[PDB]
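Okay, structure first, notes after.
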Amino acid sequence: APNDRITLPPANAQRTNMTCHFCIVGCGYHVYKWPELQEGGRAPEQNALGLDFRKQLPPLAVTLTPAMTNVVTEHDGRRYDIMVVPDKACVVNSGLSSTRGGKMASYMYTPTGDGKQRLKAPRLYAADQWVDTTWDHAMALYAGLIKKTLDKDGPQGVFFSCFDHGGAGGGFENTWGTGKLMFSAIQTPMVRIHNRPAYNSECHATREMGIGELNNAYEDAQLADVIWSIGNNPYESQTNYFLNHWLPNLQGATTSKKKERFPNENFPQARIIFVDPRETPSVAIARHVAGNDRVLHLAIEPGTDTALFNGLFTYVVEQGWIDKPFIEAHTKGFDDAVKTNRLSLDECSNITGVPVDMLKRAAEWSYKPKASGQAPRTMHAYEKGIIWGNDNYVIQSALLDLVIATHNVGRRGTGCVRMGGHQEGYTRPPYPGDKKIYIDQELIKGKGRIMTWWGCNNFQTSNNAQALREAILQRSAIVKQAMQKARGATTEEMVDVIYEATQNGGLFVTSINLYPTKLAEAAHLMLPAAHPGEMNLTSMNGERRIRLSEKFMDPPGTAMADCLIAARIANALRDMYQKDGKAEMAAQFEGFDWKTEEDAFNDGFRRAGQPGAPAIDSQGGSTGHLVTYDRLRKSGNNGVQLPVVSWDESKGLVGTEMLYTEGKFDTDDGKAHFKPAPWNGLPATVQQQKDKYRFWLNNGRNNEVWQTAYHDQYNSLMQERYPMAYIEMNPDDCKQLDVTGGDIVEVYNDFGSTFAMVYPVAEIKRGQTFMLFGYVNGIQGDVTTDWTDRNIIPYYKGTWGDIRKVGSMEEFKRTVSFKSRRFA
Amino acid sequence: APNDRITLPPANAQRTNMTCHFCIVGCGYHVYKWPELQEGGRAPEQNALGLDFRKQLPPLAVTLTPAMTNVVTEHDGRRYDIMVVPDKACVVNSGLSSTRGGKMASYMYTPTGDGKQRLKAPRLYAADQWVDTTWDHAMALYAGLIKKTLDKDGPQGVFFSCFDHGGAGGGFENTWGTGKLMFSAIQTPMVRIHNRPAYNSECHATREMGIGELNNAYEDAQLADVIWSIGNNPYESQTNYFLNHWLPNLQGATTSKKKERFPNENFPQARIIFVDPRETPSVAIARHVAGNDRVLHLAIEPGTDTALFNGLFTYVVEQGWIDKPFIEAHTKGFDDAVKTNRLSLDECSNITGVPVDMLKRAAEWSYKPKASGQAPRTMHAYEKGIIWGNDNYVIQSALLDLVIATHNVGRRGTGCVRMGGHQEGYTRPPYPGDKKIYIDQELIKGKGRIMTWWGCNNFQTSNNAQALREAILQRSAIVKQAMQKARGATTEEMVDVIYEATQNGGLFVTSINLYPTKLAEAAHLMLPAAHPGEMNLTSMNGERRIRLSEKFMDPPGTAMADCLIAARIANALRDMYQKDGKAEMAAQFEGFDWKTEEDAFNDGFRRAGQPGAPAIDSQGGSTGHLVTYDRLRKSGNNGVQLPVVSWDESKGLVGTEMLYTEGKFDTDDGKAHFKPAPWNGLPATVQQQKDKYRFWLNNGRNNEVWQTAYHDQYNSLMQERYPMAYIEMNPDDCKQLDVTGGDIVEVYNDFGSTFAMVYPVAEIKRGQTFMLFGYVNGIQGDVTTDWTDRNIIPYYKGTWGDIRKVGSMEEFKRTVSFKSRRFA
Amino acid sequence: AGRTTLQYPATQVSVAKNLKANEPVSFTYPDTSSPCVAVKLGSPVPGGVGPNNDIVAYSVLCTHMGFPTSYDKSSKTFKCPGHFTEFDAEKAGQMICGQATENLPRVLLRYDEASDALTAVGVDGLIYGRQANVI
Ligand SMILES: Nc1nc2c(c(=O)[nH]1)N[C@H]1C(S)=C(S)[C@@H](COP(=O)(O)OP(=O)(O)OC[C@H]3O[C@@H](n4cnc5c(=O)[nH]c(N)nc54)[C@H](O)[C@@H]3O)O[C@H]1N2
Ligand SMILES: Nc1nc2c(c(=O)[nH]1)N[C@H]1C(S)=C(S)[C@@H](COP(=O)(O)OP(=O)(O)OC[C@H]3O[C@@H](n4cnc5c(=O)[nH]c(N)nc54)[C@H](O)[C@@H]3O)O[C@H]1N2
Ligand SMILES: Nc1nc2c(c(=O)[nH]1)N[C@H]1C(S)=C(S)[C@@H](COP(=O)(O)OP(=O)(O)OC[C@H]3O[C@@H](n4cnc5c(=O)[nH]c(N)nc54)[C@H](O)[C@@H]3O)O[C@H]1N2
Ligand SMILES: Nc1nc2c(c(=O)[nH]1)N[C@H]1C(S)=C(S)[C@@H](COP(=O)(O)OP(=O)(O)OC[C@H]3O[C@@H](n4cnc5c(=O)[nH]c(N)nc54)[C@H](O)[C@@H]3O)O[C@H]1N2
Ligand code: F3S
Ligand code: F3S
Ligand code: FES
Ligand SMILES: [Mo+4]
Ligand SMILES: [Mo]
Ligand code: NA
Ligand code: NA
Ligand SMILES: [O]
């Protein structure tokens, strides 16, 4: 309650390790837990922080606020203070906390806090009202429907959209549990991923070219001469990688270390290049830190990345700023790529809009040999501006070509890497189908009997989201109406009622989640899940560093770890089949005899590539068995970078810093493969929107807001600052539409209609906008198209629309700052 | 926050008056408000309570818990402690607080408290998602549709269900504002009331007989020889009337006062008679207080009240235990009622199931002359057991006949009164139609373009609620689907799209509320309202005692008093008609030039019966103008009993204690009129359910839970105690169905299906049950029938159904008490 | 015991009419290790004090990791050089963008019309680097 003090952890308070729940960087934290009616003393040796609160602390001594504290009430009814604070000795973050990780304590479950509306028990929409139901009933209904569908339609009738990521709502236990359930037991191919509408990858091209997307260390960002940030706003989206590794390089604090590693190499002041249509907070901050002369913002025309990289590739080849020995010994296809990808600087400039002098300068900084003879160490970092860009596959083809020719993989201070989104934590059986299926289109077209959203919310985050919602709400309603007729039915009769409604266009919808979410508008069944700290969980960050987040409290009510929900489902289905005398079907549901999450770790990550093991695709590789919970605990928040190379009791886990340092790539022949990258303009579907409507509807992240705001929607500070999704608009465009900060606009096109509050931004180009994605009040995705690349990767950043004033929200004008988020 | 101390109010803390938000009794409270960083001292003269917190306080010295405190954040951003505690000097409650009123502090709006989800701005379901919208846009859409409906269909196309009550979400300002808008301006007859599906009264019969239902003082309960509680559970439903007035009588603490007023009258120990099929906590507490020998529980068969009162009336007439001079001078119709209502004790006993000896005893206690010659003073209190009983009109006819013949109106210590539900606060124009309309049936049948629920939630509280919801959700869906096709539409075009969808079966739904509620499942538009303390509000309690609740804090966001929402709509409609050049229609919307709630009090209550005033029906009567806010402030929480008889600066407001004490009733001739009361058994609709199914599905209140739990659903203590609606069941019946406390059952019949958690109760009769009404998790009303009496009053207590085990909720077993709520 | 509130001192800052529009004054509160600023903004804001209800005051220590922020007159914000947090002086220290999880703490001023005095009497929010605002 009181805003002007905090309770210090006692010197002997319990302390556990926790990786941040949220973004890829995976900053390390400590959780202090102690009884509510104890506290630490201000003297440094009388509190667990070892800090002297008897007088003012200096800058950088601590990160501690009330938002980093809480009081939990456990299953035994006893109350405990918690404090969740960053670990000063963690190599990832060196004691830094983002505004998002900083709120972890506040977003732990408590009966009266921000977590108050956590799912605590199964919820059933019994035709015309939400009620609680038992887990046994829920499993009878859910497994009963799956069983009926398997028995009559086979697996093709059972649909999922499921996380494949790490951190909270993911990780190695959870991805294995769900993957084993969906792929080995049920054996359904009707599965999409949390952020993309098929069972596919963000990185098909780079992987096929032999370069897995997480190939370096965070230390490489400290060793680089030049950093490219491509389709990426890292201060906001990978905060502490940018703050703890990128900025020290720009500031000159890593120059010593470069020169120590490389005695005979010049290291100029580091420089940074951003390829982004939009001038972001990251551009502004880079210029404040390094100066204007060390930052190059290539403010390309939306969707022109391929043309940019083809023009750069062409130029470095014509200048001879490539590594010919490297290409000759370790690559295939270079000569072909030179021809297919040829594009002059003048043509490049005309397509991208970037002037020729700036294209040449980027190449000069990045690829022209240093005075000491070596090529610059240029780390090429990319994210969703090109992963959700104009033809995912082709852009990566174009970029990786430039990288391979310039030998910017496998050398320290280089890498062509994803910056990442969530943390990573994938261990799954192979996908069981032989084709890519656009799951959302299939649902819209009326296929499937049961759909489970598991740790995602595509109502807010699908492409073409309005078409999806329309269809799902309708299909859901058919089931609701069918259930309505029933009175006094057994569970088995209800299963039959619902099954029949699905033959008539219906769809049974389950959500497995922390919260009701907007999915509750269509769901029939919701199951409560547990997040890290309420469970043990393993995951890795953007340099493959695996850590254990330790359990320290109980979940709300009967919430359960997702891997144990998957075991519960499997065991229900098994029992049903055993009882029906179907031994062969029963046996498909074996191998879920799990009592704790660690069981799922042992069954999945730790079996990969082992004798007698089934086929398992794991980020841990075949040395995953060397990792145990205990060994991770002893490693601390530093963990180990995967893959593990050895272990013994005296040296602990020893891992891998950088990939591809010996020139052996993940292809048949061990070489890196160049690929053609044709420039075909924008897709027709997108070009049609652009031809009809005025504004480029760019979209993405805000620093303060995490994802679909599942926690933030309950946070009064978050809600005061961002009550509605906002749209950055050019002020001249604003005046033309007679809107200002805190007005509400409709944004629309052929695909849909949504709303935002207007946020005038001087740095936005005329005819361009930027709307917060994924949010709880004004869903941006309504106006994204259905267009996807060859692998069903959406162009989420590729849509145009018109904007119409709704009116002036005086309350937003009184409460919300519309001041500039670009620091100068 | 910390659960082991509280912040005392400073000696100089601001103090305002507040009537409890909730039940009829209208207990008085004080609100202490002071800056967050101040506090009082423990010495009694250094805190505003004047209590000595330097050592343990004795019993009865205070009612103070953390739930009675809060910290509000005002519109200026400053934080203030509040403390809302009962007024020791208020006559109503003498410093008592119920568990419901006691939580008021916790249920005041704060950004992080139990009021966190309060509506703060207009919410729009823009076809496929919830968003915020402006007040201006909301009015343009809502008034635009009303205008279009008026223009094309007339008023018959605009529907409302609106509060008519007092206290929070009602009161004299609010009932006038809404009634003026609906009846004088829009002039729609398509209006029902929050608790009943037509524009009618709960008390047609008693009113028509000349006896308004609130005819005594709370002091009368202190002066009575015998109190009847008919269809009434007062410890739970009118707690502090029962505790502060009834019990002192039963305990002998009022004997002196009776004897002082009536020197030559015997006053035996007081006794109490309950007519209730169910053995309630009220019955158990009465027996603990007074002993078994002074309590009579007439445990009648469901629906048999008419037969009971006809048997009693017959008997007291045959015995001569009536007041013949009274009948002769002041009544009409007696001789006719003796003939029409004749029923022997034996027949009475057969129908009611009460033994003859108990019927005789009730009559002996209540009506046989005392030794000193006077008839007992017998106060007849009744509530929803008979208002929602088997033929509301006939039961009241039967009861009032007994009361009139025995002269139990108009004498001190008597009265035939409603116990009440909400507080009262009615000032309205006359209803504009000439017929009663069953609104819910009309909606189900597809009538109406626009329906507004205004401070009610019939999703949870309608009779035949499942039929209602089915229909409204479907009709709502038609409108959502139509809106879906729009892109870039003006408000006027969207009005047209929605109007067209309503010609195709659709219905536009608005909710004017504190919270989203279940209505959010169907609503297209929700508007934020303000409750007492965020506004000034006037209302009266069950003895007509009017008080002012003083504003002391701001509402959430742009939430507004309901009367000012009504002015806003009226002024929007006026502007639209003015703009369309329709002077005559514009003028219908005059008279809402209101800046503050007090404007509505002046325009309504204080104009009633005044020269050049329109026709106004007001519980204040024609001396209402003598009441002002300032005069009520000077009265304090003691207020004045209405009607006011005089006012001057030296004596303040002086009012009316008891009605009818001169024997002049509210009829044409001034006499009380007897009425025939035929016994026709149960209604056929109800008898058919009884014939088909096993359990009487009685329903009603729980002491701890307020109404539809709109606040309590957010209160962690409340949700832990009552996570799901419960159903009291006989233990033998439980064993037959293999259920025990914490199991979940389905309850169903031909009207619908719902769920409850099982609560074994030894006192429940075999074949009977009792389910909590109105709740957020398992709506009881799904299984109530559509049957209503001649005035469209539902038999909500008249329904039968079957019960089916769903399963054991282990979590409920671990966390919910299933121990007895009947104190012994 | 008995006491739930911190014992804040009452410190005179200045008289209101000495303050010029958008020209910050520096002072310490509630002790000399806690730097603060008061500023007359020039137009009323919620909870602003003085004759034009436009005077506001803050702790200038960033609530992220405690560097002293600087007041920017062009934007009426406080900017942190540490990790680029920026706070809105016109929105009660609302974080515009940055890595803090707390708004910039407001120093509560009494304004006495009788004397024209502005007195610091408390703090809304927790000052960086402290177990309690009052050490
Ligand atoms: N227009 C547009 N759309 C986009 C994007 C874009 O750039 N533009 N970005 C895309 C990208 S990169 C992504 S990652 C997606 C995100 O789309 P989603 O995955 O749909 O969104 P999240 O908010 O990550 O969803 C996580 C959900 O899981 C729940 N949850 C949290 N922890 C747990 C847990 O332990 N267990 C379970 N079972 N549930 C849990 C949360 O309550 C929440 O509902 O959006 C995509 N959509
Ligand atoms: N604060 C915060 N951080 C998060 C998340 C969050 O919700 N909140 N979510 C996490 C997740 S799941 C993910 S996927 C990552 C995403 O992290 P990023 O991909 O860094 O973030 P976005 O904001 O989606 O998009 C990055 C940039 O792409 C640019 N852009 C748009 N179209 C184009 C184009 O055609 N080409 C190019 N080159 N650039 C383009 C946009 O202007 C934008 O600045 O962030 C993660 N980190
Ligand atoms: N089966 C069964 N059904 C019953 C009964 C029963 O005995 N049996 N009882 C009946 C009776 S007596 C009644 S009173 C009704 C109750 O039926 P309703 O009136 O539907 O129920 P309430 O909970 O009183 O509704 C109050 C609503 O107004 C909102 N609210 C509160 N304060 C305000 C305010 O200041 N302004 C506005 N605009 N909204 C506000 C609350 O959030 C809530 O949604 O139920 C009836 N239904
Ligand atoms: N704790 C609390 N108190 C409240 C409220 C609340 O929600 N919570 N709501 C308020 C409102 S709006 C109202 S209307 C009142 C209602 O207050 P009451 O009417 O006292 O309460 P109910 O529980 O609805 O029903 C009263 C009794 O009717 C009995 N009964 C049922 N059927 C019959 C029948 O055929 N004949 C007779 N003689 N008795 C029968 C039941 O067994 C029950 O004990 O309570 C008010 N007070
Ligand atoms: S604190 Fe969390 S949100 Fe990312 S920058 Fe660090 S892992
Ligand atoms: S405290 Fe409130 S709920 Fe009734 S008994 Fe008194 S008015
Ligand atoms: S210390 Fe101010 S932003 Fe980190
Ligand atoms: Mo992502
Ligand atoms: Mo009621
Ligand atoms: Na939409
Ligand atoms: Na139902
Ligand atoms: O009522």
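Sequence positions for chain C are given in Swiss-Prot numbering; the residues included correspond to 41-175, in order.
Positions of Cβ are set from backbone N, Cα and C atoms, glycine also.
In Swiss-Prot this protein carries:
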type	residues	note
BINDING	C:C102, C:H104, C:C120, C:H123	[2Fe-2S] cluster binding site
Taking all protein chains shown into account, the Cβ-based neighbour count within 10 Å for C:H123 ([2Fe-2S] cluster binding site) is 25
Hits for chain A proximity (Cβ under 8 Å) within binding-site residues C:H104, C:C120, C:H123 read C:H104, C:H123
C:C120 ([2Fe-2S] cluster binding site), DSSP three-state class -> coil
Around the Cβ of C:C102 ([2Fe-2S] cluster binding site), other Cβ atoms within 10 Å, all chains included, total 27
Excluding C:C102, C:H104, C:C120, C:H123 themselves, the [2Fe-2S] cluster site's Cβ centre has within 8 Å the residues C:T103, C:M105, C:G106, C:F107, C:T109, C:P121, C:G122, C:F124, C:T125, C:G138, C:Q139, C:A140
C:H104 ([2Fe-2S] cluster binding site) has its Cβ surrounded, within 10 angstroms, by a count of other Cβ atoms equal to 28
Close in space but at least six residues away in sequence, with Cβ under 8 Å from that of C:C120 ([2Fe-2S] cluster binding site), the same-chain residues are C:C102, C:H104, C:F107, C:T109, C:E126, C:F127, C:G138
